[PDB]
Structure formats: structure tokens, C-alpha cells
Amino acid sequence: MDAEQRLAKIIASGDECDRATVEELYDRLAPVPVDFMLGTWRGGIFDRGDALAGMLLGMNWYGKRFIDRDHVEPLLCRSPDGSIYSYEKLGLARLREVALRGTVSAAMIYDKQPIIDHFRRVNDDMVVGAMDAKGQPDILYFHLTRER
């Protein structure tokens, strides 16, 4: 109830939200099965002051495309002409069911990077992603909105 409604409002307005507050809300969210992620999603970030957030923004990161369990485009970006293209220099990705803090949910795993994004449901068209990247002292959060 509460966590979903509070997170939906932040995600829909593109507002920033500090790591500790998102994590509290994320831990109360329900896991999602792998096929729930299938489709194209528009992405946004909760903390835009982070290094990788800065780099995603500079690349005009749009979102992600989940084709099937084995074929995911993790970095859809917007080119200067306005069209959306799949940036593939960091490699592609796939979906598996992975645990995070005792909760097993659909997670995107990069093929060529030690990065896993743990997804939890906000509503049918919104998920919060928890980025689990090797070395990173803390889990970082981002959001996805389903294209309809």
C-alpha cells in the first residue's frame, strides 16, 4: 500500500530521493516474476549526483528493452535526432531470479559487467531497480516505467 503509493508519486514526478529513504521503501516491495519485465521501459534515477548517474545522463540514457529471459538491451539511449537506439559497447544482458536481502525477484544481469539490477513492483507499469555492482559500497536505485 504505502511504499507503492509513495514511490509511484516520486517516479511519476522524476523527483530525486536519497538512497536511505528509497531503500526503506524498496524493502517493503513485492518481488516480480521474469516475464513481468518483458517489454520496453523508460528509466529515471533517484540520485542524480552519483558518478554513474552523471554518465547515464550524459549519454542521454532512455531506458531498457527486455526481449526475452536471455536477451535484454540494458542501455537504450536517445541520439541527437530523437530516435531511440541500443548502446551495446558495455555488452548486453539477460534476466534471472536472484535474491537480495532474502527476497528472490527478477533481476537483470549484464553479460560483460559485474552488475545486477534487482527489480521490485511499484504497480503493473512501475518497478524500482536495485543496482548491485561489484565493489560499490552501497546498492544504488533507479526506476522504470513501462511503455504502453
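Residues carry their position along the shown sequence, with the first being 1.
Original post:
With respect to the recorded C-alpha B factors, which stretch has the higher mean value, 108-116 or 32-40?
Top reply: Stretch with the higher mean C-alpha B-factor: 32-40.
Original post:
Where do the C-alpha atoms have the higher mean temperature factor in this entry, in 75-83 or in 90-98?
Top reply: The entry gives the higher C-alpha B-factor average to 75-83.
**OP:** Can you work out whether the C-alpha temperature factor of residue 132 puts it in the lowest, middle or highest third of the chain?
**Re:** CA B-factor rank for residue 132: lowest third.
Subject >> Third of the chain, ranked by Cα B-factor, where residue 7 sits >> reply: Middle third.
Subject >> Chain-wide C-alpha B factor ranking for residue 126, given as lowest, middle or highest third >> reply: Lowest third - that is where residue 126 ends up once the chain's C-alpha B-factors are sorted.
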